[PDB]
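A short worksheet on the structure shown next.
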Amino acid sequence: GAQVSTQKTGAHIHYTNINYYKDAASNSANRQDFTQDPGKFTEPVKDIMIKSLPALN
Amino acid sequence: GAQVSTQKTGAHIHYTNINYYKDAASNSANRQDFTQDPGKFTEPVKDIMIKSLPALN
Amino acid sequence: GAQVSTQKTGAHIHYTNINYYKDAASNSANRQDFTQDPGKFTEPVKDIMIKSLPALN
Amino acid sequence: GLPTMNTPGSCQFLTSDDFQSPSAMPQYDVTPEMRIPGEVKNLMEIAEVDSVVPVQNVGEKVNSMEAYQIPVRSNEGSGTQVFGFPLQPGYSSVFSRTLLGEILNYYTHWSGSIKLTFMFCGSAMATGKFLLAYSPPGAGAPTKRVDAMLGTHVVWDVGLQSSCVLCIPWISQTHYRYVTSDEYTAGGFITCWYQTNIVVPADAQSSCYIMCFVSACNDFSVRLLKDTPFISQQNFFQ
Amino acid sequence: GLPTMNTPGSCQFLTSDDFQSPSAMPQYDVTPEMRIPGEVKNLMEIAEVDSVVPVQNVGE
Amino acid sequence: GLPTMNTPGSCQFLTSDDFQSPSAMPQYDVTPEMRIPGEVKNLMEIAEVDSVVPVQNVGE
Amino acid sequence: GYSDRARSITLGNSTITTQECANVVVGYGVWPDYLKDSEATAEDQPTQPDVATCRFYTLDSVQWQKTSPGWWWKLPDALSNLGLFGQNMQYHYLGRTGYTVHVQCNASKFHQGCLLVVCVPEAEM
Amino acid sequence: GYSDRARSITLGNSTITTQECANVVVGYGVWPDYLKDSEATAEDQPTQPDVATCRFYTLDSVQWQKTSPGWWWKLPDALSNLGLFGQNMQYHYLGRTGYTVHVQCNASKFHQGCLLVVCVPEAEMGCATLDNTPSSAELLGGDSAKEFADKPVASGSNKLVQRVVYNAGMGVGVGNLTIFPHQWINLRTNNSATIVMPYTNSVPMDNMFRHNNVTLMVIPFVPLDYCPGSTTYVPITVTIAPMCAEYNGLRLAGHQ
Amino acid sequence: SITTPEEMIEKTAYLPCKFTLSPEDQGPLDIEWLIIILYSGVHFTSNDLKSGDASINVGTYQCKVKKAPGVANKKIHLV
Amino acid sequence: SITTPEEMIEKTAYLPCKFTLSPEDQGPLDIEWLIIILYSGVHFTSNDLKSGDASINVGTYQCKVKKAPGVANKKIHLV
Amino acid sequence: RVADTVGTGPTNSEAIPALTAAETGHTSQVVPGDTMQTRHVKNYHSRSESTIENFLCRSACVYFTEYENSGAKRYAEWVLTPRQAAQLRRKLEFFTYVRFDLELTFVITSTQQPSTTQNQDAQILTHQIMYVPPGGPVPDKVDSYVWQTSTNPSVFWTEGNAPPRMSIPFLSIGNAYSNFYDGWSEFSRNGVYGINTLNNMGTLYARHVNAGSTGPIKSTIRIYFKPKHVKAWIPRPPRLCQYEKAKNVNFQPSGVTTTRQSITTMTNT
Amino acid sequence: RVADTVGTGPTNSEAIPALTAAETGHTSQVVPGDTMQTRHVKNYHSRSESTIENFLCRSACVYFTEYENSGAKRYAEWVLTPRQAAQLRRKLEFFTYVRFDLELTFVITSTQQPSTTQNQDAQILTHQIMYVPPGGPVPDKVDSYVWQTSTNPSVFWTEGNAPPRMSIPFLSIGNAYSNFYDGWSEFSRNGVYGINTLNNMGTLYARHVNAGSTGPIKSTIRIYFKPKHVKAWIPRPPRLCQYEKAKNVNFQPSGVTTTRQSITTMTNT
Amino acid sequence: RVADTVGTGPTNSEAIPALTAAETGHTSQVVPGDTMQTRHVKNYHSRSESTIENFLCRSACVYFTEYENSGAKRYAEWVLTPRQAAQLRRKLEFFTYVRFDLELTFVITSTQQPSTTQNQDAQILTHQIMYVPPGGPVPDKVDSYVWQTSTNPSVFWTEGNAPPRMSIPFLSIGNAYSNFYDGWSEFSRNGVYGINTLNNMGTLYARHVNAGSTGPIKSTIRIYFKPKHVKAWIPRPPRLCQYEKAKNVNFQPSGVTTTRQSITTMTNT
């Protein structure tokens, strides 16, 4: 039950992982979660605002 | 002869195990047995008792 | 070249083994040989003796 | 030799580790299993069984069977109180020594509904009506029957069936409550009042007793196993 | 015993290592997750929000 | 180096352990086996043989 | 197999159980309901507290003596100061509701007597 | 059309009828049976008396008073001198059996009180003197009930038993004895109590003179109370039937 | 284990010291009385004292029974 | 935790020492006042001081509340 | 998974779930929605930590004892038993009969003792732990030939290493262990009561293999039991009283519970 | 992958990306090529080190404390909390609610204390660390029976080995931990403010198992937290002021920022 | 699996299983159900621990000996043999001919010896163990060139580590080892009796590689044999008497068994 994942590499390879314990709080940190969604804190308006259009008309 | 099982996880992943010794008293504890049967100690009557019906009639 | 065998268990599971050295005098003890043949030391007579029959007639 | 690197935690004894170790008796044949009645697989099968509550745990009543008896009589009035205690299953001295309470005192947390069963033990002629009430926290405890009437209650009428069950539901802001005393995880109050007076004929006893049993519902569970503050030791027992 | 060789770095504590360790509470059931507003996954979602600049930071 | 963790019981001598160890004579050729009479494989083949009992074990 | 004498009524967070009941009398054969669209006149949206208002309220007790003439209670007035039912009639100009009335009196076999329990519409005195 | 209150139990040449019974409690859900071939260890052929041993035996009666603490009976000891059950345990080295225990107490409507009837496995009790162990005579009463005490017993170099009722002689809470198979005799509702117990041991059979597998306890949680002019003498009677009884190891009679 | 390791004999006085040996016990057997007499590999009443009777025939008299690894004691108040 | 662990009482003078116990706290409870009175298992105003009132009725007066592992203090300037 | 709440509304009928007879010996199985109006609440809770395994499978100190490298006490002995300590004894005695393998751990420590000896340089200490099954010869001295451990299991351990650890299976002659025994080992009914040979697990011996130094040192060994692969039968009421002896169940009478001020008091007095 | 620049040329139109209304509460999303001519620049940059995990998942000293092998202080105790230190507290309080597992490490060290004792040869020291969950019995002395650790987790460790390390899951009764609590634990609103029981994680106890030597020694334990498997909600403004207490948010008023010489000065004064 | 009891009833016939002739040299094979009525009892017992392997495959101390870092005894020597100890010798001599590999373990310990030397600080000690096969040169001194171990097997070991362990195969010139030899090595029949060269396994030498300290130290080595992969032939009666020598079977006449009081006594006198 081995997991093969990709390593952090430069721009312009794999590693193997096996879990030994039974609790899942014993596992290693999730360092490869690169999900973003800034539209909650930024631009949180009810009506959408187009960039080229005047904010108030 | 590896065994892949599921780890304890929250609500709302696997781990691997291999036995090394020959006796089976050398194995790890069975922590995932979630079998229940409380009807021996509780409700141990010869005639079954329905909830909505009077206990004695 | 792994060997999967059965562990000693009670009445009423496997383990894995790999050899590392080259000599075979380096291996572990053979603890599961349950072969018996007591008829050499016991009942070692030329003519067979039936239980219900008289020993001498 | 396969090259290896030892990480922090090597050669330490953590009393709750789960590892394989070598057997000191190789190839020992154990005694086979026979079928015995009453096998347990979860401590919550024991918690779900009734046990008698010592409500009258006042003064020397504890060193007697009188702690378990709840006295009732015939009054020249109505609406007076019979008993009251808080919803503290593992901390209150009313519950802490019951089968549920003993099991709870091995765990930091608890969750689920509770069942309180009340059984009348007077003469068959004796008749009565009682109000059994639960108040969630936020105000105080009720001091009058009308204040208690505003919470979760049952009106128990005594007759052929001598036992009535008052279910206390899980009404909490958190999913779990501390077994130890805590004002954040407050549970509420449980009270009893005389809906109507006890009425008997001539030559029957106008004083009676009631008994209480506490059991857990099928949504009950506990967490964080810990040591009990109930057994202690000063020297090795011999 | 499988023959092994320990390399430099054994039994050291590097405060930015990423290893698996034994749990001190086996089989503990955690509180389920509820949906909360305003979840963050990258500090650059906070940097992309405006904030007022103190340009006249002179004296009192 | 593959990362490992040593558990309690490491480097102990338990006189009834069952492990593989290195041979001090590599590639030694042993004397072949001949067939000898009366081979034993279980101590219960010896227990199942009669032997005379000393019942009158009194004094001299 | 059960006894028609034993009945349980559950409303909101309250439940009443009686082991000796004659039966239930239902108004004029009409179970209470909400006002329908084709019978209404007021146009704003109504409020319906439900479990908060529809639940059992227990009043003070009276003593039955050998010479007692009888007692009366105006239903709306009886619960005018009790809980969220009282608060909701305090903040609103119009209300509408039905009732479940349960009267309780136990005694032993030797005790004798008979009471009439009646719900009278428009009991103008 | 019948009443769940009326029940009849027939065993051997005996039959008990009760017009006011709560129901029957069945051990741990297990009806008694005989030992099977794949669970045995002793090799000789067993004896099964059946109708001769499996039948109701009625013991002496005790009086429930207003201040009575309670009574206890070791099941194997209780029937050790009674009929062919007693003879068969006298001539044999190993025995095995279950029980049907029926407790009886009637009274009028005015009489009030409640008794707990419980069958406790391995009811090992403690001596008043901490160094010593309770005497056999103090622990066992073959033809007589053993009585609990209300006050604590004094420890003065004796072999007595701490028969405190609120500790059940076993140094445990008495209200927590409900885990064990049990029924309640409530004078206003109940008349009798019945428990069917299976064989409970860590071994397939046992010697029946040096080991008592189960103990019957009757404890009044609510005292007995009546107004003047009512009957003042109220007895309690215990009736016990062995079930699926088998014996191995025949030899000269006696226990030594 | 000695039977009734605490008792008071009020009165020839017979002091009982009957004992039992655990399967684990296998060391040499040594018996001592205190107030007087010692047995090693007042008068003892049993010729076969090794079988399990350390009783003697005559303050507080203490019987010490020692077979490794087991150790047992019995105190008797003779009045 | 003691409520308002710093205050000045200017004036019978009532010195409040109401406290709270953490779930972790489980050791024996000990209360001490300083300048005078000690409570272990000037006069305290509450019979049920164990519940959480360590107030007393009469420089700087210090209230020390100790339940292992928690330790709390309160300083009051009586003028 | 633990059960989930079912939603209910108002009722008016002859169904009576709240009324029953506790004289039957039966625990009522009423849900909250039998006596009130309830919403639908899916429950994700799990009773995973309440299993007999998790409840019992933690290491526990059951005994500790000392020995010296010089003087009268050169070696230690102890008959294996879990009744000497309070905590594991009380957890185990929730049941009548148990059946488990054992995991055994040792923590051995040494301390230098005060003396006037000078120029003391100490070598490393090795310890021997030997288990003798019931019936075998026992060591009368530190140098006794029985330490040869030809058949008896032994564990040698040098100060500074990991603690020694071994697995022991179920060794009872009977099908299950016994926490309680209402009887005697003598058919006559005389002799000690509550004592039998079902749970006899042999003796433990401990010594220094070398003395190490010319000055005095004292070692202590602490033994830890961990039950594994557990089975249990017949639940029993928890021990209300303080244990007094290891061999029997003797106790001192104690109040059913703690006392408050009255039957309406919401606090503990 | 971070965004890539788009190439643009000259413009003359009624499109006005540079003009907006900040009163709306909306951050403008203008690229550089909205107000100047730009080339095409593929961008290979990654925001991998700015994830909440990488930002929080490093070990941090949160507390350290001492104990001795002789004298009044024989054992140490500490209520687990990350508010005692400044650095991890300030990083964690970027958010209102967090949810994480913990990785726990210990660094235990010993030092010989000055004394007139002579001929001192010291044996190796073993330490015991015990975690008591909130509600359980606590040790009144070094030899207290509670050190039996029948249920409480314990870690034994001998000087010279690797540091001990264990994993702790999310233990909150509430769905998420709380860094801030605007309220009281009393419905009356009296009592301490900002205090609740959501983030209570129990106490830690530490002792010497053996004394080792005839002379005095003093040990120190340092505790390290590492958050794992992190979730966070509601971003909050960073702490401008110096922390004063562990239990509350009290502070001393401080300037919004540093001061320069004038509004046109390009240096820091 | 061990045999299972067969159920039988009553009989009346000319079949006579209980009557036989022991003069034939044959052990009767009667089951209990030949002389009584029996039930059917399935038997789950196993004879797994009675195999010659399990019976012999445990480590056993066979010899121990000392040497010093200074003075006359600087090194130790021992001719490998299992007849020096009592326990393994008696187990092995259940048979006439055996054939096994060997697992060899060493337990080396050191102790500081009394002296007036001062300022003694000791470095760690390394030991050398050397096996010389029969015929090779042997070391006349601690610094002898033969310690070069060009061909002879050697094991270097530093105090504080695990015990050294190695595997040795079957080295006999004959097909099987001999526990007993009724004869002489001289055709004339003169010379020593019961002595042959079939079981000669060479000599063992042990020394300190460094002296470590300026004060005196004494080391002891203990040797442990574990037979592996065993074969045995011709069962022999167990040794009734106490061994006297290592080289021969000489003994002192002893009673067949212990004595009781009479032929009807049920106890041991």
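Identifiers in this document derive from the order of the structure tokens: chains are assigned A, B, ..., residues are numbered from 1 separately in each chain, and ligands are numbered from 1 in order of occurrence.
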
Could you give me the residues within region 37-265 of chain K that DSSP places in alpha helix (DSSP H), as a PyMOL selection string?
-> chain K and resi 52-56+87-92

Selected residues, N, CA and C atoms, written as an mmCIF file, in the first residue's frame, please.
data_model
loop_
_atom_site.group_PDB
_atom_site.id
_atom_site.type_symbol
_atom_site.label_atom_id
_atom_site.label_comp_id
_atom_site.auth_asym_id
_atom_site.auth_seq_id
_atom_site.Cartn_x
_atom_site.Cartn_y
_atom_site.Cartn_z
ATOM 1 N N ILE K 52 -13.445 -2.965 25.143
ATOM 2 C CA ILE K 52 -12.727 -3.563 26.307
ATOM 3 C C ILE K 52 -11.223 -3.518 26.025
ATOM 4 N N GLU K 53 -10.825 -3.720 24.769
ATOM 5 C CA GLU K 53 -9.395 -3.652 24.381
ATOM 6 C C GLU K 53 -8.823 -2.281 24.739
ATOM 7 N N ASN K 54 -9.334 -1.207 24.138
ATOM 8 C CA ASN K 54 -8.756 0.149 24.359
ATOM 9 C C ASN K 54 -8.804 0.468 25.857
ATOM 10 N N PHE K 55 -9.897 0.100 26.532
ATOM 11 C CA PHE K 55 -10.071 0.361 27.984
ATOM 12 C C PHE K 55 -8.977 -0.334 28.801
ATOM 13 N N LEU K 56 -8.533 -1.522 28.380
ATOM 14 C CA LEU K 56 -7.540 -2.237 29.170
ATOM 15 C C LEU K 56 -6.119 -2.192 28.617
ATOM 16 N N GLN K 87 -4.857 0.412 40.544
ATOM 17 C CA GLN K 87 -5.535 0.921 39.361
ATOM 18 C C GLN K 87 -5.884 -0.181 38.362
ATOM 19 N N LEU K 88 -4.896 -0.973 37.950
ATOM 20 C CA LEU K 88 -5.186 -2.059 37.023
ATOM 21 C C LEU K 88 -6.071 -3.116 37.667
ATOM 22 N N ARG K 89 -5.895 -3.331 38.972
ATOM 23 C CA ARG K 89 -6.755 -4.302 39.699
ATOM 24 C C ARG K 89 -8.214 -3.857 39.571
ATOM 25 N N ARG K 90 -8.497 -2.577 39.831
ATOM 26 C CA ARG K 90 -9.864 -2.090 39.787
ATOM 27 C C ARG K 90 -10.427 -2.111 38.376
ATOM 28 N N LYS K 91 -9.603 -1.837 37.365
ATOM 29 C CA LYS K 91 -10.118 -1.924 36.001
ATOM 30 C C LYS K 91 -10.422 -3.363 35.615
ATOM 31 N N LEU K 92 -9.523 -4.289 35.954
ATOM 32 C CA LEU K 92 -9.702 -5.689 35.591
ATOM 33 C C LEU K 92 -10.924 -6.286 36.261
#

Region 19-21 of chain A environment, 8 Å, only C-alpha atoms, sequence neighbours closer than 6 positions dropped, as a PyMOL selection string | (chain A and resi 27) or (chain B and resi 7+14-17) or (chain E and resi 20+22)

Using only C-alpha atoms, which residues sit within 6 Å of region 4-13 of chain F once same-chain residues fewer than 6 positions away are excluded, as an NGL selection string?
-> (:D and (5-7 or 10-11)) or (:K and (155-157 or 162-165)) or (:M and (162))

Near residue 53 (chain J), counting only C-alpha atoms, which residues have an atom at most 12 Å away, once you skip same-chain residues fewer than 5 positions from it, shown as a CSV table (one decimal) with N, CA, C and O atoms, in the first residue's frame?
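Final file, part-v3.csv:
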chain,number,residue,atom,x,y,z
J,1,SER,N,-9.1,31.2,38.8
J,1,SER,CA,-8.9,32.6,38.5
J,1,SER,C,-9.7,33.5,39.4
J,1,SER,O,-11.0,33.3,39.6
J,2,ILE,N,-9.1,34.5,40.1
J,2,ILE,CA,-9.8,35.4,41.0
J,2,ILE,C,-10.3,36.6,40.2
J,2,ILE,O,-9.6,37.1,39.2
J,3,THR,N,-11.5,37.0,40.5
J,3,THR,CA,-12.1,38.2,39.8
J,3,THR,C,-11.6,39.5,40.4
J,3,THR,O,-11.5,39.7,41.6
J,14,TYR,N,-15.3,44.6,53.9
J,14,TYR,CA,-15.5,43.3,53.3
J,14,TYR,C,-14.5,43.2,52.1
J,14,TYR,O,-14.5,44.0,51.2
J,15,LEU,N,-13.6,42.2,52.3
J,15,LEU,CA,-12.5,42.0,51.2
J,15,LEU,C,-13.0,40.8,50.4
J,15,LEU,O,-13.0,39.6,50.9
J,16,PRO,N,-13.3,41.0,49.1
J,16,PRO,CA,-13.8,39.9,48.2
J,16,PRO,C,-12.6,39.1,47.7
J,16,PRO,O,-11.6,39.6,47.3
J,17,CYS,N,-12.8,37.8,47.7
J,17,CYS,CA,-11.8,36.9,47.0
J,17,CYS,C,-12.5,35.7,46.3
J,17,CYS,O,-12.1,34.6,46.5
J,18,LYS,N,-13.5,36.1,45.5
J,18,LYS,CA,-14.3,35.0,44.7
J,18,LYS,C,-13.4,34.4,43.6
J,18,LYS,O,-12.7,35.2,43.0
J,19,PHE,N,-13.4,33.1,43.5
J,19,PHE,CA,-12.4,32.5,42.6
J,19,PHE,C,-13.1,31.4,41.7
J,19,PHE,O,-14.3,31.1,42.0
J,20,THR,N,-12.4,30.9,40.7
J,20,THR,CA,-13.0,29.9,39.8
J,20,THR,C,-11.9,28.7,39.7
J,20,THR,O,-10.7,29.0,39.8
J,21,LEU,N,-12.4,27.5,39.5
J,21,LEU,CA,-11.4,26.3,39.5
J,21,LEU,C,-11.4,25.7,38.1
J,21,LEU,O,-12.5,25.4,37.6
J,31,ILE,N,-6.5,27.9,51.2
J,31,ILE,CA,-6.8,29.4,51.1
J,31,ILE,C,-6.0,30.1,52.2
J,31,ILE,O,-6.1,29.7,53.4
J,44,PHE,N,-14.0,34.5,57.8
J,44,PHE,CA,-14.5,34.3,56.4
J,44,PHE,C,-16.1,34.6,56.5
J,44,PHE,O,-16.7,34.1,57.4
J,45,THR,N,-16.6,35.3,55.5
J,45,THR,CA,-18.0,35.6,55.4
J,45,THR,C,-18.9,34.5,54.9
J,45,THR,O,-20.1,34.5,55.1
J,46,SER,N,-18.3,33.5,54.2
J,46,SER,CA,-19.1,32.5,53.6
J,46,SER,C,-18.9,31.1,54.2
J,46,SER,O,-17.7,30.7,54.3
J,47,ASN,N,-20.0,30.5,54.7
J,47,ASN,CA,-19.9,29.1,55.3
J,47,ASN,C,-19.4,28.1,54.2
J,47,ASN,O,-18.5,27.3,54.5
J,48,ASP,N,-20.0,28.3,53.0
J,48,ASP,CA,-19.6,27.4,51.8
J,48,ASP,C,-18.4,28.1,51.1
J,48,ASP,O,-18.7,28.5,49.9
J,63,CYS,N,-4.8,37.8,48.9
J,63,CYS,CA,-5.6,36.5,49.0
J,63,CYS,C,-4.9,35.5,48.2
J,63,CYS,O,-4.7,35.7,47.0
J,65,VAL,N,-5.1,31.7,46.6
J,65,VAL,CA,-6.0,30.5,46.4
J,65,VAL,C,-5.2,29.4,45.7
J,65,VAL,O,-4.8,29.6,44.6
L,191,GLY,N,-17.6,37.6,36.8
L,191,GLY,CA,-16.5,36.6,36.7
L,191,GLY,C,-15.5,37.0,35.7
L,191,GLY,O,-15.5,38.2,35.2

Would you kindly report the residues of chain G within 8 Å of chain K, using only C-alpha atoms, as a PyMOL selection string?
-> chain G and resi 2-4+6-15+17+51

For those residues, write N, CA and C atoms to a file as a CSV table (one decimal), in the first residue's frame.
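Result file is part24.csv:
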chain,number,residue,atom,x,y,z
G,2,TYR,N,-53.8,-3.6,24.5
G,2,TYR,CA,-53.6,-2.5,25.4
G,2,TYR,C,-54.9,-2.1,26.1
G,3,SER,N,-54.9,-1.1,26.9
G,3,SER,CA,-56.2,-0.7,27.6
G,3,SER,C,-56.6,0.7,27.2
G,4,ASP,N,-57.9,0.9,26.8
G,4,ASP,CA,-58.4,2.2,26.3
G,4,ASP,C,-58.3,3.2,27.4
G,6,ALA,N,-55.6,3.9,29.2
G,6,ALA,CA,-54.3,4.5,29.3
G,6,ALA,C,-54.1,5.3,28.0
G,7,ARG,N,-53.8,6.6,28.1
G,7,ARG,CA,-53.6,7.5,27.0
G,7,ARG,C,-52.4,8.5,27.2
G,8,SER,N,-51.6,8.8,26.2
G,8,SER,CA,-50.5,9.8,26.3
G,8,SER,C,-50.7,10.9,25.3
G,9,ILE,N,-50.5,12.1,25.7
G,9,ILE,CA,-50.7,13.3,24.8
G,9,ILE,C,-49.3,14.1,24.8
G,10,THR,N,-48.7,14.3,23.6
G,10,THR,CA,-47.4,15.0,23.6
G,10,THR,C,-47.5,16.3,22.8
G,11,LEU,N,-47.1,17.4,23.3
G,11,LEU,CA,-47.2,18.7,22.7
G,11,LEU,C,-46.0,19.5,23.0
G,12,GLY,N,-45.2,19.9,22.0
G,12,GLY,CA,-44.0,20.7,22.2
G,12,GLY,C,-43.0,19.9,23.0
G,13,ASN,N,-42.5,20.4,24.2
G,13,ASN,CA,-41.6,19.8,25.1
G,13,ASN,C,-42.3,19.1,26.2
G,14,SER,N,-43.6,19.0,26.2
G,14,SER,CA,-44.4,18.5,27.3
G,14,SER,C,-45.2,17.2,26.9
G,15,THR,N,-45.5,16.3,27.9
G,15,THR,CA,-46.2,15.0,27.6
G,15,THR,C,-47.0,14.7,28.8
G,17,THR,N,-49.5,11.7,30.7
G,17,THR,CA,-49.9,10.3,30.7
G,17,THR,C,-51.0,10.1,31.7
G,51,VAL,N,-43.9,25.0,18.6
G,51,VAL,CA,-43.4,24.4,19.9
G,51,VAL,C,-43.2,25.4,21.0
